[PDB]
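Examining the three-dimensional arrangement
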Amino acid sequence: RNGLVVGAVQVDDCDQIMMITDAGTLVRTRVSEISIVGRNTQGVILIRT
DNA sequence: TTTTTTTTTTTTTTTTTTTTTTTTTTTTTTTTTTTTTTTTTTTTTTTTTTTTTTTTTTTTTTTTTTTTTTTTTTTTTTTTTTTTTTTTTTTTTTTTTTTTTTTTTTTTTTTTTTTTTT
């Protein structure tokens, strides 16, 4: 897509754990995973960084 | 009374060795130069309610090319042996403790003599 290019990382997570992500240019963040709903292997949703 | 044999330290100066003055190469050391950390404030970035039109997932059906599949023969895997490196017992050496045995040096002050340089 215009926004999405290449799949990067896959992490298994429960419904109350956080996902910390990093960017190549000295940027990161810590997000709560409650606010995103599972979907069936075909879709694009929420931009977190 | 004269004359004859032998012994060594010196005229020794030259060969060998030792001692004493020298200066190339890898290991220290002071300097400048580049990586780190803490404050001000500062426009600037960034967190969080509300509305909104959107664009991707889930009713239902289709196929085809990746999922089925069996089998030959390779070739990575494992076995034994031996070498290289790592790591730890073993040994050796050295240092400190407190009473003993031994020693060794640097300068002032004056006055007189040797001992070199000009």
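To be clear, the structure that these remarks concern was listed above.
Read on for a plain summary of the structure. These residue numbers run from 1 along each chain by written sequence and may not equal the entry numbers. Residues without coordinates are not shown. Working convention: letters from A go to chains and numbers from 1 go to ligands, in the order in which they are written. This view holds some of the chains of a larger assembly, and the values cover only those chains. Computation of side-chain values covers all heavy atoms of the structure but excludes hydrogens and water.

Here's the deal with the overall build of chain A
Keep this limit in mind: Only runs of H or I of at least four residues qualify as helices and only runs of E of at least two qualify as strands under DSSP, and these elements are numbered from the N terminus. Per-residue accessibility, obtained with a 1.4 Å probe over protein chains only, is compared with the maximum for each type, and a residue is labelled buried under 20%, exposed over 50%, and partly exposed between these values. Only heavy atoms enter the contact rule, under which two residues are in contact if any of them lie within 4.5 Å.
If you tally the helices and strands in chain A, you get 0 helices and 2 strands. The dimensions of chain A, computed from C-alpha atoms along their principal axes, are 30 × 25 × 15 Å. In chain A, which comprises 49 residues, the share counted as buried stands at 6%. In chain A, 12% of the contacts between residues at least 6 apart in sequence involve partners at least 24 apart.

What to know about the protein's contact with DNA strand B
This is how it is decided: Whether a residue is near a molecule or strand depends on its heavy atoms: it is near if one of them lies within 4 Å of it. A 3.5 Å cut-off defines polar contacts: any pair of N or O atoms within that distance qualifies, except that in protein one atom must be a possible hydrogen donor and the other a possible acceptor, and neighbouring residues in sequence count only when both atoms are side-chain atoms. Under this grouping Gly is polar, as are all residues other than the nonpolar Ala, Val, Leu, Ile, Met, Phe, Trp, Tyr, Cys and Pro and the charged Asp, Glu, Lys and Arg.
Near DNA strand B the following residues occur: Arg 1, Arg 39, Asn 40, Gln 42, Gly 43 and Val 44. Of what DNA strand B places within 4 Å of the protein, 100% of the atoms are sugar or phosphate. One of the side-chain nitrogen or oxygen atoms of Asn 40 is found 3.4 Å away from a phosphate oxygen of DNA strand B. In this structure, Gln 42 approaches DNA strand B through a main-chain N or O atom, which is 2.4 Å from a phosphate oxygen. Partitioning the surface near DNA strand B into residue classes produces 1 nonpolar, 3 polar and 2 charged.

A look at unusual backbone geometry
Positive phi, close to 65°, is recorded for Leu 26, a residue that is not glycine. Mapped onto the secondary structure, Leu 26 falls in the loop between β1 (18–23) and β2 (27–32). One non-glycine residue, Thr 41, lies in the positive phi region at around 65°. Tracing the backbone through its elements, the reader meets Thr 41 in the segment after β2.

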